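S.K.: Dropping a structure here in structure tokens format, bear with me for questions.
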Amino acid sequence: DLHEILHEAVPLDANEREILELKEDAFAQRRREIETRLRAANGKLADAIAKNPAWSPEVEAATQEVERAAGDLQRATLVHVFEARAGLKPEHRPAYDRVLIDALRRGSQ
Amino acid sequence: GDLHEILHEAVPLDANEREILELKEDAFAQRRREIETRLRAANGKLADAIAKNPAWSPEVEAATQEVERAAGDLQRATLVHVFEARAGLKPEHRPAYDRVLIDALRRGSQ
Ligand code: NI
Ligand code: NI
């Protein structure tokens, strides 16, 4: 929810909004792509447990995919934070940082 | 809701099942706190780094990887707990537990 709390947290001029809108679509593609992997991995866990409620090679395999998809989402969200930052004018960025830093510090708790 | 909290609410236990699962539930709860601790420490590491140099530094790359690991750890740790809890259940009560488990998980496939 770092993406959510940062989204529209700082002002944006006309040209900043349009660039950050393109970056948002790129993020949306990557996110939906990871989200699909997560969904498929869950579906296979469903079949596995419904077949045999034990930690089978099926369960382990799907779990690693869930693990990887979970981690990929955290990295993708952080990368987008910096990508969105790079789309700001070199005088607006410190305002973006202060919200980001606090959002992390209040999450360090 | 969370799968751990979906199950905890949806499939109820008897008096004996709760007393039996008490030790294991406390074990998982403290395992979760350890991972939560790791996550918080990772976030403060990112906060301190960006404040020094708002960039993708080695400090940022390392902390992100720590976040990536802890996020994955929680998923596995939760799943292991799900099976551990299932073991301490009466054989008769397991289909209900399984039903909530499979359904809650099936929702995560859509
Ligand atoms: Ni965004
Ligand atoms: Ni539990």
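Please note that chains go A, B, ... in the order of the structure tokens, that every chain numbers its residues from 1, and that ligands are numbered from 1 in the order shown.
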Using only C-alpha atoms and all ligand atoms, what are the residues with an atom within 6 Å of ligand 2, set out as an NGL selection string?

M.R.: :B and (4 or 8 or 25)

S.K.: I need the residues from that last selection saved to file as a PDB file, in the first residue's frame (with C-alpha atoms), if you can.

M.R.:
ATOM      1  CA  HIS B   4      -5.082 -17.355   8.229  1.00  0.00           C
ATOM      2  CA  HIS B   8      -9.656 -19.007  12.065  1.00  0.00           C
ATOM      3  CA  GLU B  25      -0.793 -21.175  17.321  1.00  0.00           C
TER       4      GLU B  25
END

S.K.: DSSP on the backbone: what in chain A comes out helix (DSSP H, G or I), as a VMD selection string?

M.R.: chain A and resid 2 to 6 14 to 51 57 to 86 93 to 105

S.K.: I need the residue nearest chain A from this list: B:6, B:82, B:87, B:51. Use only C-alpha atoms for the distance.

M.R.: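 Once distances to chain A are computed over only C-alpha atoms, the minimum belongs to B:51.
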
S.K.: Taking only C-alpha atoms and all ligand atoms into account, which residues are within 10 Å of ligand 1, as a ChimeraX atom specification?

M.R.: /A:2-8,20-21,23-28,77-78,80-85

S.K.: With distances taken over only C-alpha atoms, which residue among A:96, A:71, A:90, A:109 lies nearest residue B:75?

M.R.: A:71

S.K.: Write out as an MDAnalysis selection string each polymer residue whose atoms come within 8 Å of residue B:66, counting only C-alpha atoms; drop sequence neighbours fewer than 2 positions from it.

M.R.: chainID B and resid 38:39 42 62:64 68:70

S.K.: Write the residues you've just listed into a file as an mmCIF file, in the first residue's frame, and include N, CA, C and O atoms for each of them.

M.R.:
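Just written: out37.cif:
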data_model
loop_
_atom_site.group_PDB
_atom_site.id
_atom_site.type_symbol
_atom_site.label_atom_id
_atom_site.label_comp_id
_atom_site.auth_asym_id
_atom_site.auth_seq_id
_atom_site.Cartn_x
_atom_site.Cartn_y
_atom_site.Cartn_z
ATOM 1 N N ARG B 38 11.490 -8.235 10.589
ATOM 2 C CA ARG B 38 12.402 -8.162 9.454
ATOM 3 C C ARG B 38 11.927 -7.131 8.434
ATOM 4 O O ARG B 38 12.725 -6.363 7.895
ATOM 5 N N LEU B 39 10.622 -7.121 8.177
ATOM 6 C CA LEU B 39 10.025 -6.179 7.238
ATOM 7 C C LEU B 39 10.186 -4.734 7.696
ATOM 8 O O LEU B 39 10.596 -3.875 6.913
ATOM 9 N N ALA B 42 13.611 -3.547 7.375
ATOM 10 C CA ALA B 42 13.928 -3.349 5.968
ATOM 11 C C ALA B 42 13.418 -1.995 5.489
ATOM 12 O O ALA B 42 14.084 -1.315 4.712
ATOM 13 N N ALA B 62 19.781 -3.749 -1.506
ATOM 14 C CA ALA B 62 19.879 -4.731 -0.430
ATOM 15 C C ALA B 62 18.593 -4.801 0.390
ATOM 16 O O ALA B 62 18.098 -5.888 0.692
ATOM 17 N N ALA B 63 18.056 -3.640 0.744
ATOM 18 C CA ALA B 63 16.845 -3.563 1.554
ATOM 19 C C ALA B 63 15.629 -4.110 0.815
ATOM 20 O O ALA B 63 14.775 -4.766 1.411
ATOM 21 N N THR B 64 15.548 -3.823 -0.481
ATOM 22 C CA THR B 64 14.463 -4.334 -1.309
ATOM 23 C C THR B 64 14.475 -5.858 -1.303
ATOM 24 O O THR B 64 13.431 -6.492 -1.166
ATOM 25 N N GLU B 68 11.727 -8.469 -0.164
ATOM 26 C CA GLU B 68 11.323 -9.554 -1.053
ATOM 27 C C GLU B 68 11.337 -10.906 -0.347
ATOM 28 O O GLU B 68 10.433 -11.720 -0.534
ATOM 29 N N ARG B 69 12.364 -11.136 0.465
ATOM 30 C CA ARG B 69 12.512 -12.401 1.178
ATOM 31 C C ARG B 69 11.460 -12.567 2.267
ATOM 32 O O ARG B 69 10.831 -13.620 2.375
ATOM 33 N N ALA B 70 11.280 -11.528 3.076
ATOM 34 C CA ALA B 70 10.346 -11.585 4.193
ATOM 35 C C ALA B 70 8.906 -11.743 3.715
ATOM 36 O O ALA B 70 8.101 -12.413 4.360
#

S.K.: Give me, as a tab-separated table, the closest atom pair and its distance (Å, one decimal) for every residue of chain B within a cut-off of 9 Å of chain A, counting only C-alpha atoms, rows sorted by chain and rising number.

M.R.:
residue	atom	partner	partner_atom	distance
B:37	CA	A:108	CA	8.7
B:39	CA	A:108	CA	7.4
B:40	CA	A:108	CA	4.0
B:41	CA	A:108	CA	6.0
B:42	CA	A:108	CA	7.3
B:43	CA	A:108	CA	5.0
B:44	CA	A:108	CA	4.9
B:45	CA	A:108	CA	8.4
B:46	CA	A:104	CA	7.2
B:47	CA	A:101	CA	4.9
B:48	CA	A:101	CA	7.7
B:50	CA	A:101	CA	6.9
B:51	CA	A:101	CA	6.8
B:54	CA	A:97	CA	7.2
B:55	CA	A:82	CA	7.6
B:56	CA	A:82	CA	7.9
B:64	CA	A:75	CA	6.3
B:65	CA	A:75	CA	7.8
B:67	CA	A:74	CA	7.0
B:68	CA	A:71	CA	4.0
B:69	CA	A:71	CA	6.5
B:70	CA	A:71	CA	8.1
B:71	CA	A:71	CA	5.8
B:72	CA	A:67	CA	4.2
B:73	CA	A:67	CA	7.2
B:74	CA	A:67	CA	8.5
B:75	CA	A:67	CA	6.3
B:76	CA	A:63	CA	6.7
B:79	CA	A:63	CA	8.4
B:80	CA	A:55	CA	8.5
B:83	CA	A:54	CA	7.2
B:86	CA	A:53	CA	8.9
B:98	CA	A:50	CA	7.5
B:99	CA	A:50	CA	8.5
B:101	CA	A:46	CA	8.3
B:102	CA	A:46	CA	5.3
B:103	CA	A:46	CA	7.9
B:105	CA	A:42	CA	6.1
B:106	CA	A:43	CA	5.9
B:107	CA	A:43	CA	8.6
B:108	CA	A:39	CA	5.7
B:109	CA	A:39	CA	3.9
B:110	CA	A:39	CA	6.3

S.K.: Might you pull out every residue within 7 Å of residue A:16, with only C-alpha atoms counted and same-chain residues fewer than 3 positions away left off, and present them as a list in words?

M.R.: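 Selected residues are residues 12, 13, 19, 20, 87 and 88 of chain A.
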
S.K.: Write the residues of the selection above to a file with C-alpha atoms, as an mmCIF file, in the first residue's frame.

M.R.:
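again.cif, written as the output of this step:
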data_model
loop_
_atom_site.group_PDB
_atom_site.id
_atom_site.type_symbol
_atom_site.label_atom_id
_atom_site.label_comp_id
_atom_site.auth_asym_id
_atom_site.auth_seq_id
_atom_site.Cartn_x
_atom_site.Cartn_y
_atom_site.Cartn_z
ATOM 1 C CA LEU A 12 1.395 17.495 -10.297
ATOM 2 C CA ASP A 13 1.579 19.974 -13.162
ATOM 3 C CA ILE A 19 4.228 11.284 -18.008
ATOM 4 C CA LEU A 20 3.338 9.705 -14.662
ATOM 5 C CA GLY A 87 9.001 11.752 -14.075
ATOM 6 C CA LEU A 88 8.861 14.757 -11.758
#
